[PDB]
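Written below as structure tokens is the structure these notes are about.
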Amino acid sequence: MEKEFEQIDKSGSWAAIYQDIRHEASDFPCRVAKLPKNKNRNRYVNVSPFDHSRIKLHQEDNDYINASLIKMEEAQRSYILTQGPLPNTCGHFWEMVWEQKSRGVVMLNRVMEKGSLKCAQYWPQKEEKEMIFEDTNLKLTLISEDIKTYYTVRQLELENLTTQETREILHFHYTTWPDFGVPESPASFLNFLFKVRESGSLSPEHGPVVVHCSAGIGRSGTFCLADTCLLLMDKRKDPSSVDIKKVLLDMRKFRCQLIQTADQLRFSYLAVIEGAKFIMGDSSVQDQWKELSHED
Ligand SMILES: O=C(O)C(=O)Nc1sc2c(c1C(=O)O)CCSC2
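The deposited numbering applies: residue 3 is where the sequence shown begins, and numbers increase by one.
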């Protein structure tokens, strides 16, 4: 990837490669997304889940959410990628987290960005003010939170009000990754990815992690592409056998248009190439990312 990276950079060809990926990517129907009744369930008219990998809500009324299951078979990790919840679909989002048995929610965007409300405020910002989502009968409380300078970790309690079963959900909120943008550095992104990893939420005893940005494609695609490249590499301890563009194409079978610009593609190569130092047995790089990232 690293010889590949410098051949791309050297000849200024990131947009054409990105363009090429774009022409190779799958396209499957998104007919349920586009039903008239689901119009207000999609944030963006042109970003829909394919029918074959969409998450169905376990409810008879209307089972649709804008969300897909990215099942990475070789890597043996799955993720749910979803749009930032809308004001009428926060109760569906939480219904999805409960039914799917997810332990973690990775949020890569802010509620407000570039002057616009890119996502609903779907979680409580304070402990005394729980949310009840009456359409899906679910209660959520802020148990606490750890605010760093570029991310915050929250612990949430999700109650299914129908059984009174309770689960803890960890929320990993990256607050300084710009829409259509890249993280400040490979260090700080890697520091963030490894916080999520260490917490256990990626672990196969749990449902798939839920990753969202505002559309569930650009920042989320970038997050997942890095994670999975690094997992692949880990399982074989063989960096040279991971084909990043080929992993992004496999992920694009399950949701359209994963990774939104050519600099996000380029950052993913940066992230995986740096992350490999750690996968290949230099644990010291991890606490270096931590220093560089200025987390406190
Ligand atoms: O949130 C991201 O990282 C991302 O993919 N966002 C996307 S992808 C996308 C859009 C947006 C957006 O937020 O405006 C606007 C419609 S075109 C494709």
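Heads up, the beta-carbon is just placed ideally off N, CA and C, and yes, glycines get one too.
Which residues does DSSP pair with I171 in a beta bridge?
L158
Sheet register partners of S70 (DSSP bridge)
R56 and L83
Opposite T177 in the DSSP bridges: which residues?
Answer is none; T177 lacks a bridge partner.
Would the beta-carbon of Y66 fall within 9 Å of that of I72?
no
Near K120, which residues of its chain fall below 7 Å by C-beta distance, leaving aside the five closest residues on each side in sequence?
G86, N111, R112, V113, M114, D181 and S216
Any contact of the region 6–26 with the region 251–267, i.e. 3+ C-beta pairs under 8 Å?
yes
Out of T138, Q78, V108 and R33, which has the shortest C-alpha to C-alpha gap to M98?
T138
Using only the heavy atoms of ligand 1, determine whether one of them is closer than 8 Å to the beta carbon of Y46.
yes
Near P89, which residues of its chain fall below 8 Å by C-beta distance, leaving aside the five closest residues on each side in sequence?
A122
Through-space distance from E293 to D229, alpha-carbon basis:
21 Å
Relative to ligand 1, is the shortest distance from any of its heavy atoms to the C-beta of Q259 smaller than 8 Å?
yes
With a threshold of 8 Å, establish whether the CB of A217 neighbours any heavy atom of ligand 1.
yes
Just reading off the alpha helix (DSSP H) that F135 is part of, what are its end residues?
Careful: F135 lies outside any alpha helix (DSSP H), inside the beta strand (DSSP E) at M133 to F135.
Compute every distance between the C-beta of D137 and the non-hydrogen atoms of ligand 1, then say whether any falls below 8 Å.
no
Tell me the rounded alpha-carbon separation between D22 and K247.
10 Å
Using the beta-carbon count (16 or more within 10 Å), is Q61 buried or exposed?
exposed
In the DSSP output, what is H208 paired with across the bridge?
In the DSSP output, where bridge partners are listed per residue, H208 has none listed.
Where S286 falls, given that 16 or more other Cβ within 10 Å makes a residue buried:
exposed
What did DSSP end up calling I23 once you bin it into helix, strand or coil?
helix
Just the Cα atoms here: how many angstroms apart are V274 and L204?
18 Å
Span separating the alpha-carbon of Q262 from that of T224
9 Å
How about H208 and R105: are their beta carbons less than 9 Å apart?
yes
May I have the straight-line CA-CA distance separating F174 from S190, to the nearest angstrom?
14 Å
Please name the residue in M282, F30, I57 and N48 whose C-alpha comes closest to that of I219.
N48
From the DSSP output, in three-state form, read off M109 for me.
strand
Which first and last residues belong to the alpha helix (DSSP H) in which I246 is found?
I246 to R254
Excluding five sequence neighbours on each side, which residues of the same chain lie with their C-beta closer than 7 Å to the C-beta of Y271?
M3, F7 and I246
Whether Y176 touches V107 by CB criterion (9 Å):
no
If you reduce the DSSP assignment to three classes, tell me which class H94 lands in.
helix
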